[PDB]
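Read off the chains here:
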Amino acid sequence: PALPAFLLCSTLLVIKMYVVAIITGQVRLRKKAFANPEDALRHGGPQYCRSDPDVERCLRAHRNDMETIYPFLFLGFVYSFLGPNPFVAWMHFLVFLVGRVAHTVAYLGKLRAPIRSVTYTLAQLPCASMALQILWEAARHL
Amino acid sequence: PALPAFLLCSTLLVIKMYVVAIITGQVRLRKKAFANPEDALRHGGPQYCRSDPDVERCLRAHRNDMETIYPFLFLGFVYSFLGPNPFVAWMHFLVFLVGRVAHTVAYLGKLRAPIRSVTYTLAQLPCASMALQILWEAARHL
Amino acid sequence: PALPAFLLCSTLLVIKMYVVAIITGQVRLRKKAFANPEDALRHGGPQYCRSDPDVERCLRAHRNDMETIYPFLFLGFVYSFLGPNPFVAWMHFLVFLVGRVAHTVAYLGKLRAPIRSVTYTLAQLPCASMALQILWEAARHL
Ligand SMILES: N[C@H](CCC(=O)N[C@@H](CS)C(=O)NCC(=O)O)C(=O)O
Ligand SMILES: N[C@H](CCC(=O)N[C@@H](CS)C(=O)NCC(=O)O)C(=O)O
Ligand SMILES: N[C@H](CCC(=O)N[C@@H](CS)C(=O)NCC(=O)O)C(=O)O
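Residues numbered from 1 in each chain as written, not as in the entry; some residues may be left out. Chains lettered and ligands numbered in written order. Heavy atoms only, no water.

A separate point is the environment of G76(A). Residues and elements named next belong to chain A. Tracing the backbone shows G76 in helix α2 (residues 48–80). Taking the C-alpha atoms as reference, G76 lies 9.7 Å from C127; in sequence the two are 51 residues apart. If sequence neighbours within four positions are ignored, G76 has contacts with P71, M130 and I134. (Helix = DSSP H or I, 4+ residues; strand = E, 2+ residues; numbered from the N terminus. Contact = heavy atoms within 4.5 Å.)

Here it is, written out as C-alpha cells:
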C-alpha cells in the first residue's frame, strides 16, 4: 500500500511542476518579444503584451508549482519511508494536485489575485492533514 | 534514534514553511490592499500603507522559508535512510532553524538588510556541517 | 551500490543550491552598497554597479539553483529507496548538473536570457527520462 501511493507522486507532480516548466518557458522562448525596444534584458513591463500577463504567469506558474510541491514532497516523503497507510496517502495527491491546479489555473487566466481565493486554502489545508498523520504514526513506531 | 530524529523535522517546517506562509497569506489577504487604483492585478510599489512592508514582509518570509529548506531536506534525507547519529541529527534541525528564524524575523521587521547578516551566517555553516557529516556516513558505507 | 550513486547527489548539489546561495550572500551583503542613496531598503535598481547585475545575479543563480533541485532529488528520492541501478542514477545525476551549470552560469553572465535556451532542454530532458525511470522500475517493485 505504501510504495505505490508514491509512484504517482512522481508522474503527477512532474506534470504539475516540471511539464508546466517545459511548456511555459518553451512557449515563451518562441514568442520572444525580448530584445525588447533594444535592451539588455531584465525589467518586465515595456508593452503590456510582452511582460504584463507573462511576467505574472512565468512567476505565478512557477510560484504555484513551487509552493505546494515541497510540503507535499518532504512532509509526505519523510513519513513515506516509515510504513504509512494507503487511502490516507492517496487523498493528499487528490487534495494537493487538485488543490493546486484549480489554484494554479484560476490564478493564471483571470489577472486578479483575489481569484486565488478558494483553492489557495484547499492547498493550505492538506498540510493540516499531512503533517499530523506523520506525527502520530512515527511516534507510534517508537 | 533515527526516525524520531527526522521526526520533529516535519513539524518545525510545517510551522516554518507552512504556518508562516499560511499567516502571511491569511492576514495579507484579509486586509487585502489590492484592487489598486482601478487596476488589472499586478505590481506592488506605490503606497507604503499597501505594499512596501507587505511586498517585503511576504516575499521576505517565502525567500527565507525556501532557501535554507532545500539543503536541509535534500541534504539530510539522502543521508537519513542510510544510518545516522543523534546529537548530530538533532543539532542540524536546531542549528539550521534557529540559524533561520532569527534570520527570517530579523530581515522581516527592520527593513535594512544588515540585520540578516549574522544569523544567515549562523545557518550557512550547518549546510557544511551536514555536508561533511553526510559525506562521511556516505564514505563509511563504501 | 544504490547509495554509491546517491552519496555525491547530496554533496555536488551543495555546490549548486547552497555553496552558490553562500558566496552570493557573503559576497553581496559585503560588497553591498545598501544604505542606498538614503534608504530603508527594498527596490534594487538605481546605479548599475550597485543594483542591476547584483539583484540579477543573486536571483540569476538562485532561480536556477531552485529549479534543478526538485525533479532531480524528489524524483530521485522516491524511486531511490526502492532498489535502483548505478549507471542509470549516475547518468541522471551527472548530465543534469553539467547541463544546469552551463545553464545557470550562461544566464548569470551576459545579462541576457537567450543564452539560457540551450542547456535547460539539456536539463529538462533528464527530467523526462528520470520521471519515467521512476514509474517503470516502480512498476517492477509491485
Ligand atoms: N517557464 C520557464 C520554466 C522552464 C524551466 O524549468 N527552466 C529552468 C531550467 S529548464 C530554468 O533554470 N530556467 C530559467 C530561465 O528562464 O532562464 C522559465 O522561464 O523559467
Ligand atoms: N502569502 C502567500 C504564501 C503562502 C503560500 O505558500 N500560499 C500558497 C498556497 S495557496 C499560494 O498558492 N499563494 C498564492 C499566491 O500568492 O500567488 C503567498 O503570497 O503566496
Ligand atoms: N545573495 C544572497 C544569497 C545568500 C542566501 O542564500 N541568502 C538566503 C539564505 S540565508 C536568505 O535568507 N536571503 C535573505 C536576503 O537576501 O537578505 C541573497 O540575496 O539572498
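Below, the discussion takes up the interface of chain B and chain C. Taken residue by residue, the interface counts 32 residues in chain B and 30 residues in chain C. Together chain B and chain C conceal approximately 2700 Å² of surface at their shared face, both sides included; 73% is due to carbon and sulfur atoms. Per-residue buried area on chain B facing chain C is highest for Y70(B), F74(B) and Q124(B); these three make up 24% of the total on that side. Inspection of the region where chain B meets chain C yields two salt bridges. With a closest N to O distance of 2.6 Å, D52(B) and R42(C) form a salt bridge. The leading source of residues in the side of chain B that touches chain C is helix α6 (residues 119–140) of chain B, at eight residues. (Buried area = accessible area lost by both parts, 1.4 Å probe. Salt bridge = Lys/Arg side-chain N within 4 Å of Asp/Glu carboxyl O.)

Between helix α5 (residues 126–141) of chain A and helix α1 (residues 8–16) of chain B, the shortest axis-to-axis distance is 9 Å and the interhelical angle comes to 160°. When the interaxial angle is binned, α5(A) and α1(B) end up roughly antiparallel. In this structure, the crossing between α5(A) and α1(B) has a hand that is left-handed. Counted together, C127(A), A131(A), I134(A) and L135(A) of α5(A) and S10(B), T11(B) and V14(B) of α1(B) form the full contact between these two elements. Taken together, the residues that form the contact of α5(A) with α1(B) break down as five nonpolar, two polar and no charged. (Axes fitted to C-alpha atoms, helices over the stretch in contact; angles between N-to-C directions. Parallel < 35°, antiparallel > 145°, perpendicular 65-115°, else oblique. Left-handed = near helix turned anticlockwise from the far one by under 90°. Nonpolar A, V, L, I, M, F, W, Y, C, P; charged D, E, K, R; others polar.)

This part takes up the packing of aromatic side chains. One pass over the full model with this rule turns up 25 aromatic pairs over all chains. Consider the rings of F6(B) and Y79(B), whose centres lie 6.0 Å apart with planes at 70°: the pair is edge-to-face. Placement of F6(B) in the segment before α1 and of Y79(B) in the loop between α4 (70–77) and α5 (86–109) is noted, with a sequence separation of 73 residues between them. Considered together, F6(B) and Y79(B) belong to a single accessibility category, that of buried residues. Positioned above the aromatic ring of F34(C), the side-chain terminus of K32(C) is 3.6 Å from the ring centre. (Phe/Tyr/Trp six-rings, centres within 6.5 Å; stacked < 30°, edge-to-face > 60°. Buried < 20%, exposed > 50% of the residue type's maximum accessible area, 1.4 Å probe, protein only. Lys NZ or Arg CZ within 6 Å of the ring centre and 35° of its normal.)

Around ligand 3 sit 14 residues in total, of which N64(B), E67(B), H103(B), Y107(B) and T24(C) are the nearest. More than one chain lines the surroundings of ligand 3; the residues nearby belong to chains B and C. In the model, an oxygen atom of ligand 3 is placed 2.3 Å from a nitrogen or oxygen of the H103(B) side chain. One of the backbone N or O atoms of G25(C) is found 3.2 Å from a nitrogen atom in ligand 3. Burial of ligand 3 by the protein chains amounts to 93% of its free accessible area of 460 Å². Of the residues forming the shell around ligand 3, the biggest block, five residues, is contributed by helix α2 (residues 14–31) of chain C. Its residues assigned to classes, the shell around ligand 3 shows five nonpolar, five polar and four charged. (Near = heavy atom within 4 Å. Polar contact = N/O pair within 3.5 Å; in protein donor to acceptor, adjacent residues only side chain to side chain. Areas by Shrake-Rupley, 256 points an atom, 1.4 Å probe, with all protein chains shown as cover.)

All names here are of chain B. Of note, the phi angle at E38 is positive, near 60°, even though the residue is not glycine. Positionally, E38 belongs in the loop between α2 (18–30) and α3 (52–67). Under the relative-accessibility criterion, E38 is labelled exposed at 81%.

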